[PDB]
Every structure is written in structure tokens, then in C-alpha cells.
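*Asks:* Could you have a look at this structure, given as C-alpha cells, before my questions?
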Amino acid sequence: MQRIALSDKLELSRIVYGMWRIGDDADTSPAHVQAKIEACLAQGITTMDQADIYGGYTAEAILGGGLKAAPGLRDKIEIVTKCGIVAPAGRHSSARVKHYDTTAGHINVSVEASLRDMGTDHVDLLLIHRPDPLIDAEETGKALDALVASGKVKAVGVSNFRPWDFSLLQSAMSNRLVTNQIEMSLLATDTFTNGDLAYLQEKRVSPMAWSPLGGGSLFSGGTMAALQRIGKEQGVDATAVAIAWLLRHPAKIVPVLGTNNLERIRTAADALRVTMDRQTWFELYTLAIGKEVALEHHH
Amino acid sequence: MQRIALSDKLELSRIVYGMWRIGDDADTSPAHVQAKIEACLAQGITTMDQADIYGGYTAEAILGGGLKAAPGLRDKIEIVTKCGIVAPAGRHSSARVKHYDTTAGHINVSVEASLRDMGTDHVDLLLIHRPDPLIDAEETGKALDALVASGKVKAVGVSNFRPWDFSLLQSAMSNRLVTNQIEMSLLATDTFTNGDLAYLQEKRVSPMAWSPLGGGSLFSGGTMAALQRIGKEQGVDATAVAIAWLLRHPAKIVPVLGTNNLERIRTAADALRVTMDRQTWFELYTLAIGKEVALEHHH
Amino acid sequence: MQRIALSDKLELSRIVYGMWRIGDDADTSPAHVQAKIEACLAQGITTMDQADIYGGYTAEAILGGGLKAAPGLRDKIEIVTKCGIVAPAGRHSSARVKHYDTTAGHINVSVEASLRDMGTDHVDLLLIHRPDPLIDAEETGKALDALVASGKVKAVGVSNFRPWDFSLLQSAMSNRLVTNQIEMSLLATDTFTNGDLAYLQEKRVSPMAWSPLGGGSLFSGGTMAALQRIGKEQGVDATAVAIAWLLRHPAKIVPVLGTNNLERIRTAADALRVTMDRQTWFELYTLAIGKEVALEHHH
């Protein structure tokens, strides 16, 4: 599969496999985890997306069971992980309330646990998982810079940051943030006009798109009819067209697909087969927003 | 009429004549087009505002009929035109959907058609007509820079851009964008407090105000009574006061007036006769917003 | 009381005494004004917050009655004052409408009146009281710079500015704006996520928080029960906990407390006795917003 360079130091697969449901599968054995990773690799999807909090702080260890039992498998993938969200589950069950923690001490503890749980000495990309209204940017930026200098983390980014959050944390760091993982799909189009995507495009930062299929709501009329029509014109399913709509954007959006289904992994690359011309991009955008683009103001 | 320098390379009349309705007139003859331009020139209004899309891609050619039959008339005016909006009309009737196109190829084709249609070798100002959610800023900025270097376009700006759109496109260009054509009037006051006008004021960019009379809704109670009162105090009509309210702002707003009526052209300059002191500016602003300005927070 | 350096030139008390109600007290005698200032000084609160408009342009003169009758008292305090709001009261009663005035002439007249009314040759901090939709930033910034160079004003800031207002005025000034006085409390939490506080945090500018108790609405269920519980755990009242919630933020927020009650002045410093850990900060923030913080987007 085509590669995307987020920076001179980090290259992903153009589509990323989200592992947030890996702990929900009835099968969490090393063998089934390896099978899922091997199905991705068969399609050239090498990038796995994790977070400390997934599975109530167990999804990384479940991935680790796979990796620790298959020597050589970690060298074939990039691992994205995240920290900053503290819910009273698993190892954080002492917690009195759901909160964010962007402190140097917490980031280091979470990274040490990610490395322990997945059986590796480095993660390819670490994201601050949510913007913290209590962030000390100086402290957080120093911790993130030291994690890169150490080699434990190849690159750093953020998730769900607004442009002003991104700007504040980048002002406190020597290393450049290489991504912002944000909701983007035909059902979530605000970032295209509200400044979120423009900011990233001006900074030459690729976003990672979460819920790129619209979070299950798109498949459950006019939008779906057009996705199915284009798919049938190009020999792919409506799912591939909804991902290709993201891939078409010149901001170089990196979709994160989160299925436990080996047959949807088998077809995930079909999005790269879609030719999405400018007019088709607008047809889908207009059906999704439910109204025509603004025409001449003088009318 | 008083001149306004948008830059060292482009100077307009302080009021601009919008030609978006020129094709709606029952009379589209060269003679009637010349009459309208000559009525503007009689009031010192030298700047004409066009767009490729006006008249379903025919308004420029209708202006051209006037200019081509009156040698010397083009040298007396500045021409603003715009591109980026593609509706299925006239030469774009093959189009499947209403969309934006900011590609180098489309901008060049639209500019070549503007020059052909108006019978000139240059336009004074070219605007991207709407912010394109699919913009490639690098590509668009290269096309706009080459159009300036070529002499085909004296200066470039945008229309309906948010500050983040303006910032993204300017980051990709060597030439400075000299304006943003946005809605501003007593019925459209959001830009005064929402950051749109502050951004332009910090960049020392004059906006062009579209629908400066409120788009026909202002004339169709308290606001109109005050405009009529001030006009009767200063020997002008309520229309001149509504334009002078824009002219008073220190951001150096350039109103675009869009009438086919020779008698409203004859009086358009009366706005420059209005003395609009700070208190009068606030009286009108407060009547328009329908509530007092925020006073001391401690109360 | 702990000091806060807004800059190399200006240091306040970490809590500020707002004098906006000083004219509402039945007692406005010099003796009662001195008593209030002496109650603050007894708690290490040295910073007094004024504005030209307070008391309909009489509150400064009422403070002055106190200061002029107590030689040496002005040297013990810092004075913050503000201008820019013109209401038809007192010396501005000729005014036809409520408006803003950020002109050099008005700022100078207001500062000269603040110095005359309080009987001093300098103010520690001058704020533009409200963002003016008619601001000429070049003119206002020149007036503010000259006021600092003159020694009449030790430092300048703003009040109720949005980030774009702050950015515009700072672009026109040589001196750095040292604060933005904005609404911040458990009932006013928008600035924590909407970019207002992030902007100030990136610029290393401390905000001053007005209505830090929520403007009387907080004391008049779940939020109050938690403030009372934490206070009873730490030997202080719920008021001290609501102020400590602001003091905990790493942006170094400076609360402005506006009581005429000598017994609430006597206890105002109790906020500095509160230990507010990250989880407690989130518990209060969550009770105030009325919903959990956003958890993992993948769920």
C-alpha cells in the first residue's frame, strides 16, 4: 500500500488499522491477534492505532500477547499509541473521577506501560489523546521532547486538539507535532470549513481521521445511494468510496479503520482503487451537508 | 471621488459599482452598458466589480460589448473579477453539480475568458470567489503569483474567506492578497466582533463590503428612522447614511453598490458627504444589533 | 500574600480587591474607604481594581477621598483602572448614546481624571475596558505606549478582549499587554476550551478573572455540595474553594473579588490555604459543566 511520510522520521501506511475493539472480540488469544495483524499486512496496512485507555487499559497488553508470541512481527508494523485520559478502570481504578492527565510523570508512566504491554522498546507515534483544560504546556512539551530524544517515541502528535490547543503545545516544544487525530467523514464535515483542517493544511500537518465511516450511522439515503452508485461504477463497495472521499483531500488525511472483521480488513485497501474527481467530491460533500455550496453572493 | 490604495500597485474608487445585475437589465446593448459606466465616471466611481459566473457566465461579455464599442473607456476604469464557482450554466453547462474549482487550470481558463469577454489584456484585481473546502493552497497560490508576474492581473484577493482560509492561501503565495470581499452592512454586523474584520485590520487589508445596504431588507423601523433622520440633517438620503456607516470604519471598507438604476448611480457619491461621528456610528450599530453595547462587567 | 509578576515592571497580589461597589455603600466617607483598604492590606491584598465608569464616574473620586485623607496609603497599594466605556452619567451626561471610545484624546482625558480623582501621579495598570468595534489600533496603541513612556501608567492591558482583539491591539504597540480581564469561574468555563485562555497561555499572559464566584448565582446543588465538602475537609468555606479552583490553573489566573463586606475581605486569603489536586479540579469542572469530560473517541 502507498506510504505517507508524516515527517522525515515517521512514515505510515496511507490507511491505519484501529485496534480499539481488539479486547471486545470473544477471541483475544495471541493467535487471533496475529491473524488480524497478518490480514492488515496482506493489504499493506502496517500502521496499528492503540491507546493506553483502550479495553479499560488492557487492549495494548492483548496486542502484546500477539507480538510477544510472534518474534519479528513488531518490526513489520508502526505502532501509534495515546495517553492523557484517566478513567477509573484497570490499573487506574483508584481514580475518583474521569479526568485528563498531561503531567510529565503520567505521560512517562503511560509510555512505560505501553512499551511493557506490547513487548517493544519504542512506539512510532505518541498522541496526547484529548486537549486538557488544565494543561501546563511547558511541562508537557518538555516531557514529549525528552521522549523523542530518548528514542522511546519516534514522533509526537495530538488528538482532538483545536487549532489553539495545537498552537499552545507546539509553542512549548522543540519537536514538531506530526499529526492531529480528529473526527473526519461524510457525517463529520465541520473541520473542512471551521478552521480546524485549514490550520493543519497551513502547517503541512496530515490529520488522522477517526470514525471515517461516520461511526456506523452512514450505513444505517441520498448519500448512501451515491456511495453505492460510485462503488458499482468502479468495482468497489460503498465503504471504499466513503474512505476515498477522505483520501482525495489535499491535506493528506490518514483514515483509521476500526473493524474486528477479517473480511472488512481484506477489502480495506479498495479505497485506493477509487478515482474521486473534484465534481464527485462535491456531489458527496453536498449530499452529506444536505444543501448546495454557497454560490455567488450577488444574486 | 476619493481614491483608496489597496496596495502600492492597485488604487480603487472609495465606492465600487457592482455589475452583477447588468445581464438582468432588459437593455444589454453596448450603448446602455456605456451609459451605466459613464454615469459612474460622472460621480468618480471608476471601479467595476464583475465575476465569471455573473449572468450565468455572460455578464462579463455584456460589459465587453460596451467596452469593445467605446475605445478608451477601459483605460478610465479598474476591473475586479472573480473565479472559483462552477455552476451548470453557459459554458459550464456540462457540469454535473455546483462546485468550486481553485485549480491552476480552471483559474487560467476563467481569467483568459474574462480578458476575451471584456476585450482587455489585464484585470486590475482577481478574487477567489468562495473558500474551497478542497483547496490545494500550494497549487492555487502558484497560479495567482504567475498571473501577477505575467501582468494579466495587477493584484489578487479573495472573497467570503474566513481568517483561516485567508491565512492558508497567503502562506502559499509570494504576493500579498490585497482584499477580502465579504458581507458588511447594518444588517450584517458579525464581522465587527467575530474576528473576521479584526484579522483584516491587523493585516492592513481593506475589505470590500458586499450587500452594503443589507441586501434589500433594510428599506423594506428604528434603524430606518435614524438613517432617514441623519440623512435629512445632512441633505442626503438614508441610502447614503447606510454606506457612510461603512466608510466611517478605520479598516477602510470599500462598499460595492449593485444597482441598474441610473438615478441611484447619480447619487451614490452622497455617502462621502456624510459626517458620521463616533456616537452616531454607535447609535446606528446599536439600533441594528437591537441591544445596547456591553457596559461595565462589574454591575 | 503571595505576589504575581504580570511582567518585569508590574507585580500584583495573587488576589485583587474589586472596588466597583465602593460607591454603593451607604458609607462613602474617607474613613470607611480607608477601613476597606486596611482590611485588604491585613490579608496581603495590595491590588485595588477600579474603572473610570464605576459609580457612574464617581467610584475613583470616592477611593481618592480615602487616599487623599491618609498620606502614605497609596504607596502600599497597586491601582488598576480602565477606560473606553462612555455612558451618559456624571461628567459624560452630555453623551447621546452608550458607546466605546478608544481615541487617544479620550484615553488621556480618562487617565488624567483617574489621577486627579485618586490623588496620585501614576496608576500601576490601565486596561481598555471593552473591545471597541470602531477601534483604530494604530491610534490607541500609540496613546498606550506614550502613557507608559510618560510614567503615568506602569503597564497596560485589556478587558473582555477576544484573542483577535488582543492580537490586533498588540500588533500596533511596542509595549506588551500584561493581562486580559475576562469572566472566569465555575459558572463561566467557556474560556478553558474555546481558545480564549489557550491564547493567553501561549503568550504567557496572566488573565484577571472577573465574577470569580459566578456573579452571585453559584451560592443561590451538586457544585455547591462539593465546594462545601472540600472546604470542610480543609477548614475553609465554599467561597475559598471556588477561588482556589481558579488559582490552580497553570495560566496563573488573578481573581478579582468585589465585596463591600469587611468579613468576606477578612477571609479572602483562605483560597490560598486550599490544596486543589488535578482530580479535585476535574470533579468541580465536571459538576459545573454538568457532564463528564469527553473520553476515548473510539468507543
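Chain labels follow the order of the C-alpha cells: the first chain is A, the next B, and so on; residue numbering restarts at 1 in every chain, and ligands are counted from 1 in their shown order.
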Residues of chain C no more than 8 Å from chain A, counting only C-alpha atoms: send them over as a PyMOL selection string.
*Replies:* chain C and resi 192-193+195+198-199+201-202+249-251+278-279+282-283+292-299
*Asks:* Env of residue 120 (chain C): 9 Å cut, atoms = only C-alpha atoms, seq-sep filter 3 positions within chain, self excluded. Answer as a PyMOL selection string.
*Replies:* chain C and resi 64+67-68+74+114-117+123
*Asks:* Any idea what's packed within 9 Å of residue 125 (chain A), counting only C-alpha atoms, ignoring anything in its chain fewer than 4 positions away? Could you give it as a PyMOL selection string?
*Replies:* chain A and resi 10+78-82+153-157+178
*Asks:* Could the residues in this selection be written to a file with N, CA, C and O atoms, as a CSV table (one decimal), in the first residue's frame?
*Replies:*
```csv
chain,number,residue,atom,x,y,z
A,10,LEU,N,9.0,9.7,10.3
A,10,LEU,CA,7.9,8.7,10.5
A,10,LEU,C,7.1,8.6,9.2
A,10,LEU,O,6.7,9.6,8.6
A,78,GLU,N,4.1,-0.2,12.3
A,78,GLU,CA,4.3,1.0,13.1
A,78,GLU,C,3.2,1.0,14.2
A,78,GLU,O,2.1,0.5,13.9
A,79,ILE,N,3.5,1.4,15.4
A,79,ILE,CA,2.5,1.5,16.5
A,79,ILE,C,2.3,2.9,16.8
A,79,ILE,O,3.3,3.6,17.2
A,80,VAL,N,1.1,3.4,16.8
A,80,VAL,CA,0.6,4.7,17.3
A,80,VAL,C,0.0,4.4,18.7
A,80,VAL,O,-0.9,3.5,18.7
A,81,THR,N,0.3,5.1,19.7
A,81,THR,CA,-0.4,5.0,21.0
A,81,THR,C,-0.7,6.4,21.5
A,81,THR,O,-0.3,7.3,20.8
A,82,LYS,N,-1.5,6.4,22.5
A,82,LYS,CA,-2.0,7.7,23.1
A,82,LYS,C,-2.1,7.7,24.6
A,82,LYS,O,-2.2,6.5,25.1
A,153,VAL,N,10.1,7.1,21.7
A,153,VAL,CA,9.0,7.5,20.8
A,153,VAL,C,9.6,8.2,19.6
A,153,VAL,O,10.5,9.1,19.7
A,154,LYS,N,9.2,7.7,18.4
A,154,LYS,CA,9.9,8.3,17.2
A,154,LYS,C,9.3,9.7,16.9
A,154,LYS,O,10.1,10.5,16.3
A,155,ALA,N,8.1,9.9,17.1
A,155,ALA,CA,7.4,11.2,16.8
A,155,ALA,C,6.3,11.4,17.7
A,155,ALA,O,5.7,10.4,18.2
A,156,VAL,N,5.9,12.7,17.8
A,156,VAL,CA,4.7,13.0,18.7
A,156,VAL,C,3.7,13.8,17.9
A,156,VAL,O,4.0,14.6,17.0
A,157,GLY,N,2.4,13.6,18.3
A,157,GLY,CA,1.2,14.4,17.8
A,157,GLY,C,0.2,14.5,18.9
A,157,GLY,O,0.5,14.2,20.0
A,178,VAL,N,3.4,16.0,14.5
A,178,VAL,CA,3.3,15.4,13.1
A,178,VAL,C,1.9,15.1,12.7
A,178,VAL,O,1.7,14.8,11.6
```
*Asks:* Run DSSP on the backbone and grab whatever in region 138-205 of chain C lands in alpha helix (DSSP H); send it over as a PDB file with N, CA and C atoms, in the first residue's frame.
*Replies:*
```
ATOM      1  N   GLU C 138      -3.890  51.565  15.596  1.00  0.00           N
ATOM      2  CA  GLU C 138      -2.648  52.353  15.473  1.00  0.00           C
ATOM      3  C   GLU C 138      -2.728  53.519  16.461  1.00  0.00           C
ATOM      4  N   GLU C 139      -3.841  54.243  16.430  1.00  0.00           N
ATOM      5  CA  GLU C 139      -4.050  55.411  17.297  1.00  0.00           C
ATOM      6  C   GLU C 139      -4.040  54.955  18.766  1.00  0.00           C
ATOM      7  N   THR C 140      -4.862  53.994  19.133  1.00  0.00           N
ATOM      8  CA  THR C 140      -4.950  53.520  20.538  1.00  0.00           C
ATOM      9  C   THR C 140      -3.568  53.031  21.006  1.00  0.00           C
ATOM     10  N   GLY C 141      -2.859  52.222  20.212  1.00  0.00           N
ATOM     11  CA  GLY C 141      -1.555  51.687  20.620  1.00  0.00           C
ATOM     12  C   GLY C 141      -0.545  52.792  20.808  1.00  0.00           C
ATOM     13  N   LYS C 142      -0.633  53.857  20.022  1.00  0.00           N
ATOM     14  CA  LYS C 142       0.317  54.971  20.214  1.00  0.00           C
ATOM     15  C   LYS C 142       0.023  55.670  21.525  1.00  0.00           C
ATOM     16  N   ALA C 143      -1.256  55.836  21.848  1.00  0.00           N
ATOM     17  CA  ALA C 143      -1.624  56.547  23.095  1.00  0.00           C
ATOM     18  C   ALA C 143      -1.144  55.699  24.289  1.00  0.00           C
ATOM     19  N   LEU C 144      -1.299  54.380  24.226  1.00  0.00           N
ATOM     20  CA  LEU C 144      -0.984  53.486  25.380  1.00  0.00           C
ATOM     21  C   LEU C 144       0.539  53.467  25.578  1.00  0.00           C
ATOM     22  N   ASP C 145       1.308  53.437  24.481  1.00  0.00           N
ATOM     23  CA  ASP C 145       2.782  53.402  24.518  1.00  0.00           C
ATOM     24  C   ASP C 145       3.285  54.697  25.166  1.00  0.00           C
ATOM     25  N   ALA C 146       2.693  55.836  24.809  1.00  0.00           N
ATOM     26  CA  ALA C 146       3.150  57.151  25.311  1.00  0.00           C
ATOM     27  C   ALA C 146       2.804  57.219  26.804  1.00  0.00           C
ATOM     28  N   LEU C 147       1.684  56.627  27.203  1.00  0.00           N
ATOM     29  CA  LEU C 147       1.293  56.648  28.648  1.00  0.00           C
ATOM     30  C   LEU C 147       2.325  55.869  29.484  1.00  0.00           C
ATOM     31  N   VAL C 148       2.872  54.802  28.944  1.00  0.00           N
ATOM     32  CA  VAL C 148       3.913  54.005  29.650  1.00  0.00           C
ATOM     33  C   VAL C 148       5.215  54.815  29.662  1.00  0.00           C
ATOM     34  N   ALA C 149       5.605  55.382  28.525  1.00  0.00           N
ATOM     35  CA  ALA C 149       6.885  56.132  28.405  1.00  0.00           C
ATOM     36  C   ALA C 149       6.868  57.316  29.385  1.00  0.00           C
ATOM     37  N   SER C 150       5.690  57.916  29.574  1.00  0.00           N
ATOM     38  CA  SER C 150       5.465  59.082  30.451  1.00  0.00           C
ATOM     39  C   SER C 150       5.610  58.730  31.937  1.00  0.00           C
ATOM     40  N   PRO C 163      -9.245  36.786  21.582  1.00  0.00           N
ATOM     41  CA  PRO C 163      -7.873  36.676  21.100  1.00  0.00           C
ATOM     42  C   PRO C 163      -7.575  37.575  19.892  1.00  0.00           C
ATOM     43  N   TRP C 164      -8.529  37.713  18.993  1.00  0.00           N
ATOM     44  CA  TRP C 164      -8.309  38.535  17.764  1.00  0.00           C
ATOM     45  C   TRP C 164      -8.229  40.038  18.074  1.00  0.00           C
ATOM     46  N   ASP C 165      -8.997  40.507  19.054  1.00  0.00           N
ATOM     47  CA  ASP C 165      -8.878  41.899  19.575  1.00  0.00           C
ATOM     48  C   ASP C 165      -7.536  42.127  20.220  1.00  0.00           C
ATOM     49  N   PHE C 166      -7.071  41.151  21.016  1.00  0.00           N
ATOM     50  CA  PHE C 166      -5.802  41.225  21.743  1.00  0.00           C
ATOM     51  C   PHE C 166      -4.687  41.309  20.707  1.00  0.00           C
ATOM     52  N   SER C 167      -4.734  40.387  19.769  1.00  0.00           N
ATOM     53  CA  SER C 167      -3.745  40.295  18.670  1.00  0.00           C
ATOM     54  C   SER C 167      -3.717  41.626  17.892  1.00  0.00           C
ATOM     55  N   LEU C 168      -4.867  42.190  17.557  1.00  0.00           N
ATOM     56  CA  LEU C 168      -4.883  43.445  16.731  1.00  0.00           C
ATOM     57  C   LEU C 168      -4.220  44.586  17.503  1.00  0.00           C
ATOM     58  N   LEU C 169      -4.606  44.804  18.748  1.00  0.00           N
ATOM     59  CA  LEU C 169      -4.053  45.932  19.525  1.00  0.00           C
ATOM     60  C   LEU C 169      -2.567  45.678  19.783  1.00  0.00           C
ATOM     61  N   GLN C 170      -2.157  44.452  20.153  1.00  0.00           N
ATOM     62  CA  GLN C 170      -0.720  44.173  20.403  1.00  0.00           C
ATOM     63  C   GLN C 170       0.085  44.395  19.112  1.00  0.00           C
ATOM     64  N   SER C 171      -0.472  44.118  17.933  1.00  0.00           N
ATOM     65  CA  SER C 171       0.276  44.340  16.678  1.00  0.00           C
ATOM     66  C   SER C 171       0.625  45.826  16.526  1.00  0.00           C
ATOM     67  N   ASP C 196      -9.882  31.192  24.178  1.00  0.00           N
ATOM     68  CA  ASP C 196      -9.616  32.477  24.886  1.00  0.00           C
ATOM     69  C   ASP C 196      -8.431  32.274  25.845  1.00  0.00           C
ATOM     70  N   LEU C 197      -8.464  31.237  26.678  1.00  0.00           N
ATOM     71  CA  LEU C 197      -7.423  31.053  27.711  1.00  0.00           C
ATOM     72  C   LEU C 197      -6.175  30.476  27.054  1.00  0.00           C
ATOM     73  N   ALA C 198      -6.322  29.581  26.071  1.00  0.00           N
ATOM     74  CA  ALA C 198      -5.163  28.989  25.359  1.00  0.00           C
ATOM     75  C   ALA C 198      -4.318  30.099  24.744  1.00  0.00           C
ATOM     76  N   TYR C 199      -4.965  31.100  24.157  1.00  0.00           N
ATOM     77  CA  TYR C 199      -4.227  32.204  23.510  1.00  0.00           C
ATOM     78  C   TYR C 199      -3.348  32.905  24.558  1.00  0.00           C
ATOM     79  N   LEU C 200      -3.961  33.248  25.693  1.00  0.00           N
ATOM     80  CA  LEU C 200      -3.220  33.941  26.787  1.00  0.00           C
ATOM     81  C   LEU C 200      -2.113  33.037  27.328  1.00  0.00           C
ATOM     82  N   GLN C 201      -2.406  31.748  27.477  1.00  0.00           N
ATOM     83  CA  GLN C 201      -1.392  30.808  27.989  1.00  0.00           C
ATOM     84  C   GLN C 201      -0.201  30.727  27.021  1.00  0.00           C
ATOM     85  N   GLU C 202      -0.432  30.696  25.710  1.00  0.00           N
ATOM     86  CA  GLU C 202       0.664  30.688  24.704  1.00  0.00           C
ATOM     87  C   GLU C 202       1.474  31.983  24.768  1.00  0.00           C
ATOM     88  N   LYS C 203       0.829  33.115  25.041  1.00  0.00           N
ATOM     89  CA  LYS C 203       1.521  34.428  25.129  1.00  0.00           C
ATOM     90  C   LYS C 203       2.154  34.670  26.519  1.00  0.00           C
TER      91      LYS C 203
END
```
*Asks:* Between C:176, C:270, C:262, C:33, single out the one closest to residue 8 (chain C), counting only C-alpha atoms.
*Replies:* C:176
*Asks:* Would you list the contacts of residue 45 (chain B) as a PDB file with N, CA and C atoms, in the first residue's frame, taking every protein, DNA or RNA residue within 12 Å and counting only C-alpha atoms, but skipping same-chain residues closer than 5 positions in sequence?
*Replies:*
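Saved the output as result13.pdb:
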```
ATOM      1  N   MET B   1     -13.922  61.420  -7.156  1.00  0.00           N
ATOM      2  CA  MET B   1     -14.174  60.745  -5.842  1.00  0.00           C
ATOM      3  C   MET B   1     -12.835  60.361  -5.236  1.00  0.00           C
ATOM      4  N   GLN B   2     -12.738  60.484  -3.935  1.00  0.00           N
ATOM      5  CA  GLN B   2     -11.589  59.995  -3.165  1.00  0.00           C
ATOM      6  C   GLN B   2     -11.189  58.572  -3.599  1.00  0.00           C
ATOM      7  N   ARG B   3      -9.881  58.360  -3.714  1.00  0.00           N
ATOM      8  CA  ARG B   3      -9.254  57.079  -4.120  1.00  0.00           C
ATOM      9  C   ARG B   3      -8.885  56.281  -2.872  1.00  0.00           C
ATOM     10  N   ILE B   4      -8.790  54.958  -2.993  1.00  0.00           N
ATOM     11  CA  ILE B   4      -8.237  54.111  -1.903  1.00  0.00           C
ATOM     12  C   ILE B   4      -7.166  53.215  -2.491  1.00  0.00           C
ATOM     13  N   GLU B  11      -5.150  50.915  -6.939  1.00  0.00           N
ATOM     14  CA  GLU B  11      -5.943  52.011  -6.337  1.00  0.00           C
ATOM     15  C   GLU B  11      -7.331  51.910  -6.929  1.00  0.00           C
ATOM     16  N   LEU B  12      -8.360  51.925  -6.078  1.00  0.00           N
ATOM     17  CA  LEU B  12      -9.778  51.909  -6.496  1.00  0.00           C
ATOM     18  C   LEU B  12     -10.435  53.268  -6.216  1.00  0.00           C
ATOM     19  N   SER B  13     -11.657  53.419  -6.675  1.00  0.00           N
ATOM     20  CA  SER B  13     -12.543  54.490  -6.176  1.00  0.00           C
ATOM     21  C   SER B  13     -13.062  54.056  -4.790  1.00  0.00           C
ATOM     22  N   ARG B  14     -13.342  54.986  -3.880  1.00  0.00           N
ATOM     23  CA  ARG B  14     -13.695  54.562  -2.487  1.00  0.00           C
ATOM     24  C   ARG B  14     -15.001  53.776  -2.475  1.00  0.00           C
ATOM     25  N   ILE B  15     -15.906  54.040  -3.424  1.00  0.00           N
ATOM     26  CA  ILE B  15     -17.125  53.238  -3.699  1.00  0.00           C
ATOM     27  C   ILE B  15     -16.947  52.536  -5.053  1.00  0.00           C
ATOM     28  N   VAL B  16     -17.400  51.292  -5.125  1.00  0.00           N
ATOM     29  CA  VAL B  16     -17.255  50.395  -6.297  1.00  0.00           C
ATOM     30  C   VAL B  16     -18.642  50.087  -6.843  1.00  0.00           C
ATOM     31  N   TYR B  17     -18.749  50.015  -8.163  1.00  0.00           N
ATOM     32  CA  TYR B  17     -20.010  49.711  -8.847  1.00  0.00           C
ATOM     33  C   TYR B  17     -20.029  48.220  -9.169  1.00  0.00           C
ATOM     34  N   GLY B  18     -20.959  47.500  -8.557  1.00  0.00           N
ATOM     35  CA  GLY B  18     -21.159  46.055  -8.773  1.00  0.00           C
ATOM     36  C   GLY B  18     -21.998  45.843 -10.018  1.00  0.00           C
ATOM     37  N   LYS B  36     -24.180  53.298 -18.352  1.00  0.00           N
ATOM     38  CA  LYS B  36     -24.051  52.956 -16.903  1.00  0.00           C
ATOM     39  C   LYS B  36     -22.645  53.295 -16.440  1.00  0.00           C
ATOM     40  N   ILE B  37     -21.630  52.880 -17.204  1.00  0.00           N
ATOM     41  CA  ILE B  37     -20.206  53.194 -16.891  1.00  0.00           C
ATOM     42  C   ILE B  37     -20.010  54.713 -16.887  1.00  0.00           C
ATOM     43  N   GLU B  38     -20.629  55.417 -17.828  1.00  0.00           N
ATOM     44  CA  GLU B  38     -20.433  56.896 -17.901  1.00  0.00           C
ATOM     45  C   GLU B  38     -21.124  57.595 -16.712  1.00  0.00           C
ATOM     46  N   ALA B  39     -22.296  57.147 -16.290  1.00  0.00           N
ATOM     47  CA  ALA B  39     -22.955  57.622 -15.037  1.00  0.00           C
ATOM     48  C   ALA B  39     -22.036  57.421 -13.802  1.00  0.00           C
ATOM     49  N   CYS B  40     -21.286  56.314 -13.730  1.00  0.00           N
ATOM     50  CA  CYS B  40     -20.364  56.048 -12.597  1.00  0.00           C
ATOM     51  C   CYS B  40     -19.218  57.055 -12.640  1.00  0.00           C
ATOM     52  N   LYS B  76     -10.282  54.122 -18.478  1.00  0.00           N
ATOM     53  CA  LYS B  76     -10.857  55.036 -17.440  1.00  0.00           C
ATOM     54  C   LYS B  76     -11.297  54.247 -16.195  1.00  0.00           C
ATOM     55  N   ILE B  77     -11.380  52.909 -16.264  1.00  0.00           N
ATOM     56  CA  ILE B  77     -11.982  52.132 -15.134  1.00  0.00           C
ATOM     57  C   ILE B  77     -10.939  51.152 -14.590  1.00  0.00           C
ATOM     58  N   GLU B  78     -11.143  50.662 -13.362  1.00  0.00           N
ATOM     59  CA  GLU B  78     -10.481  49.423 -12.874  1.00  0.00           C
ATOM     60  C   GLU B  78     -11.520  48.323 -12.955  1.00  0.00           C
ATOM     61  N   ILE B  79     -11.089  47.105 -13.261  1.00  0.00           N
ATOM     62  CA  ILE B  79     -11.998  45.940 -13.335  1.00  0.00           C
ATOM     63  C   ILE B  79     -11.545  44.968 -12.261  1.00  0.00           C
ATOM     64  N   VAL B 254     -14.458  49.126   1.582  1.00  0.00           N
ATOM     65  CA  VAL B 254     -14.753  49.619   0.197  1.00  0.00           C
ATOM     66  C   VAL B 254     -16.117  49.043  -0.162  1.00  0.00           C
ATOM     67  N   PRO B 255     -17.235  49.813  -0.091  1.00  0.00           N
ATOM     68  CA  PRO B 255     -18.555  49.274  -0.430  1.00  0.00           C
ATOM     69  C   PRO B 255     -18.697  48.999  -1.928  1.00  0.00           C
ATOM     70  N   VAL B 256     -19.421  47.947  -2.256  1.00  0.00           N
ATOM     71  CA  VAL B 256     -19.763  47.564  -3.640  1.00  0.00           C
ATOM     72  C   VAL B 256     -21.260  47.775  -3.826  1.00  0.00           C
ATOM     73  N   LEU B 257     -21.687  48.768  -4.613  1.00  0.00           N
ATOM     74  CA  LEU B 257     -23.137  49.102  -4.783  1.00  0.00           C
ATOM     75  C   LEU B 257     -23.590  48.426  -6.075  1.00  0.00           C
ATOM     76  N   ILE B 265     -27.174  55.517  -9.186  1.00  0.00           N
ATOM     77  CA  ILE B 265     -25.755  55.765  -9.554  1.00  0.00           C
ATOM     78  C   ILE B 265     -25.516  57.267  -9.401  1.00  0.00           C
ATOM     79  N   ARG B 266     -26.446  58.103  -9.898  1.00  0.00           N
ATOM     80  CA  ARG B 266     -26.223  59.573  -9.880  1.00  0.00           C
ATOM     81  C   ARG B 266     -25.958  60.012  -8.431  1.00  0.00           C
ATOM     82  N   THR B 267     -26.525  59.348  -7.418  1.00  0.00           N
ATOM     83  CA  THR B 267     -26.475  59.865  -6.021  1.00  0.00           C
ATOM     84  C   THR B 267     -25.505  59.064  -5.161  1.00  0.00           C
ATOM     85  N   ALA B 268     -24.883  58.022  -5.721  1.00  0.00           N
ATOM     86  CA  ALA B 268     -24.059  57.039  -4.965  1.00  0.00           C
ATOM     87  C   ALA B 268     -22.967  57.754  -4.150  1.00  0.00           C
ATOM     88  N   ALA B 269     -22.367  58.821  -4.689  1.00  0.00           N
ATOM     89  CA  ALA B 269     -21.263  59.566  -4.033  1.00  0.00           C
ATOM     90  C   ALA B 269     -21.785  60.316  -2.801  1.00  0.00           C
ATOM     91  N   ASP B 270     -23.104  60.472  -2.603  1.00  0.00           N
ATOM     92  CA  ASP B 270     -23.634  61.270  -1.475  1.00  0.00           C
ATOM     93  C   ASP B 270     -23.175  60.667  -0.146  1.00  0.00           C
ATOM     94  N   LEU B 272     -20.215  60.105   0.769  1.00  0.00           N
ATOM     95  CA  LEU B 272     -18.957  60.824   1.152  1.00  0.00           C
ATOM     96  C   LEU B 272     -19.255  62.198   1.749  1.00  0.00           C
TER      97      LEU B 272
END
```
*Asks:* Can you tell me how far CA of residue 104 (chain A) sits from CA of residue 243 (chain C), in Å to one decimal?
*Replies:*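 Result for CA of residue 104 (chain A) versus CA of residue 243 (chain C): 26.1 Å, one decimal.
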